[PDB]
Amino acid sequence: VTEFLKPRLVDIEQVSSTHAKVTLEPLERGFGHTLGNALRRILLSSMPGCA
Amino acid sequence: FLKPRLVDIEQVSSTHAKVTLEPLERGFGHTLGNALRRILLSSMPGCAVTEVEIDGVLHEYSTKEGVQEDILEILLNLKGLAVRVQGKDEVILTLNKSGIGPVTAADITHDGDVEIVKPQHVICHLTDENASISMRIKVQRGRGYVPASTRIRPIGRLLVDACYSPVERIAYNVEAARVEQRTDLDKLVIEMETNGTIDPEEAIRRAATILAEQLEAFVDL
Amino acid sequence: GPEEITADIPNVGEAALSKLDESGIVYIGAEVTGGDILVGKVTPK
Amino acid sequence: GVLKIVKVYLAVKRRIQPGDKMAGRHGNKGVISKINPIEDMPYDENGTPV
RNA sequence: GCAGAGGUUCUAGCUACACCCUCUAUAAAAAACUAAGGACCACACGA
């Protein structure tokens, strides 16, 4: 019951080094939004960077 | 960064508790709370009933004498009972009741591991003096909601829609912590509501394990 | 000649006839699905 | 000109589905578009999803 | 495989939209298989 469909990278379109488009095909129902929002907030509001 | 910990678990009621995570900074609070709530509401391993067999009821829509309500309402009441198992992934519950009186979940002939967390949950009311109902309840673990029409034998077997979801209402609040000396630290309190089949601490820990393993798709340990 | 209601239907499998009783009528309470057979009627040839 | 008539009564339990026509008492009618998972539902401060 | 019949199954199976092999007057070594019908008037309802 704890088994889950872990995603596997299928095709990462590498736009010029200032841009990228990463995608995952399998994942789980409702988990796509969870992971997307988690990553978006986690790297958009708190990241070690210099400016 | 800071690491949230199980600082407190306020078991306010028998069903729902109030878990507390203390160390979190800007964003983390809301992000982690929303992720945990979505993981909990999406996929939590429950142990809801999925299959019922009555002693002398042919199908889901018939009716046996001596019972207050239809067999369909009996099945829908059976779906509502909260039951948790420890060892076996699959267990069969036998319910034998006789005489006038409501048939609560307390009279289920439970095994060593399986136990009913809400014995007061009424299933059906027996009315006639010589009225006896004997049902074999099949309870198995599962994740999410799977209806009986989208699964996979005798005519006497009755299928009840599976409701494997211990949690019913997950609410989180992000408020400032009370650390010894620091600012911009928030504590996440989750007001998770369960039917009683899951421990809030282990529920939170399992949801976090699911979230962490889902992040390992492109990140090594 | 007329047609009978028995369970003797040609060019069908035993799985379909399993739901039907010995006389070719579906057992009460059986959970049939789309395209299943309920009562066996065969026209004379 | 009939021998015997057999009537078989089938009980269909039609659950709610995308496309089922749902309508209130005030003339508001609409087809259910998607059965959105509960985790995606808008929830108030109490956590109860609409 | 285009005009017919036979075959191991299951009455009958020759492309009938249709499934295997044989030949032009003779019937069997052989497993997956089978059916080609069906209007109008009224009512109510939806957009």
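Rules used throughout
- Numbers given to residues start from 1 along each chain, in the order its sequence is written, and need not follow the entry; residues that have no coordinates are not shown.
- Written order decides the labels, with chains lettered from A and ligands numbered from 1.
- This view covers only part of a larger assembly, and the values given relate to that part.
- Only heavy atoms go into the side-chain values, all of them from the structure, while hydrogens and water stay out.
- Residues with missing side-chain atoms are left out of burial classes, side-chain pairs and their counts.
- UniProt positions are given in the numbering used here, feature names are shortened, and annotations may be inferred rather than shown by experiment.
- Put simply, DSSP H or I for four residues or longer makes a helix, DSSP E for two residues or longer makes a strand, and each gets a number counted from the N terminus.
- For the exposure calls, accessible area comes from a 1.4 Å probe over protein chains only, and a residue counts as buried if that area is under 20% of its type's maximum, exposed if over 50%, partly exposed in between.
- Residues count as neighbours in contact if any of their non-hydrogen atoms are within 4.5 Å of one another.
- By definition, the buried area sums, over both parts, the 1.4 Å-probe accessible area that each loses when the two are put together.
- Any carboxyl oxygen of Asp or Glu within 4 Å of a side-chain nitrogen of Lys or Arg constitutes a salt bridge here.
- Nitrogen and oxygen atoms within 3.5 Å of one another constitute a polar contact, given that in protein one can donate a hydrogen and the other can accept it, and given that sequence-neighbouring residues count only through two side-chain atoms.
- Think of it as three bins: nonpolar holds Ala, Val, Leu, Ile, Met, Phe, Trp, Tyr, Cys and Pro, charged holds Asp, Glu, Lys and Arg, and polar takes everything else, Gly as well.

- As summarised from the PDB record, the model derives from cryo-EM at a stated resolution of 3.40 Å.

- In its Function section, the UniProt entry covering chain B states "DNA-dependent RNA polymerase catalyzes the transcription of DNA into RNA using the four ribonucleoside triphosphates as substrates."
- Taken verbatim from the UniProt record of chain B, the Sequence similarities comment is "Belongs to the RNA polymerase alpha chain family."

### Considering unusual backbone geometry
And then number 1: With a phi close to 55°, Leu 27 of chain A is a non-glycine residue in the positive phi region.
And then number 2: Its location among the elements puts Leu 27 of chain A in the segment before α1 (31-44).
And then number 3: Despite not being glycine, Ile 152 of chain B has its phi angle at roughly 55°, a positive value.
And then number 4: Topologically, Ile 152 of chain B is positioned in the loop between β12 (142-143) and β13 (157-159).
And then number 5: Judged by relative accessible area, which is 99%, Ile 152 of chain B ranks as exposed.

### A word on the interface of chain A and chain B
And then number 1: Taken together, the contacts link 22 residues of chain A with 24 residues of chain B.
And then number 2: Across the interface of chain A and chain B, roughly 2,100 Å² is buried in total on both sides, 64% from carbon and sulfur atoms.
And then number 3: The three residues of chain A that bury the most area against chain B are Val 1, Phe 31 and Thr 34 of chain A, which together make up 26% of that side's buried surface.
And then number 4: Across the chain A-chain B interface, the total number found is 0 salt bridges.
And then number 5: At the junction of chain A with chain B, the criterion picks out 6 residue pairs in polar contact.
And then number 6: Here the side of chain A that touches chain B is built from residues that sort into 10 nonpolar, 7 polar and 5 charged.

### Some words on the interface of chain B and chain D
And then number 1: Listed per partner, the contact involves 17 residues of chain B and 12 residues of chain D.
And then number 2: In total, chain B and chain D occlude about 1,200 Å² of area from one another, counting both sides; carbon and sulfur atoms represent 43% of this.
And then number 3: Remark: the boundary between chain B and chain D carries 2 salt bridges.
And then number 4: In this structure, the connection of chain B to chain D is made through 8 residue pairs in polar contact.
And then number 5: When residues of the side of chain B that touches chain D are traced back to their parent elements, those giving at least two are α1 (28-42) and β15 (172-176) of chain B.
And then number 6: Tallied by class, the residues present in the side of chain B that touches chain D amount to 8 nonpolar, 4 polar and 5 charged.

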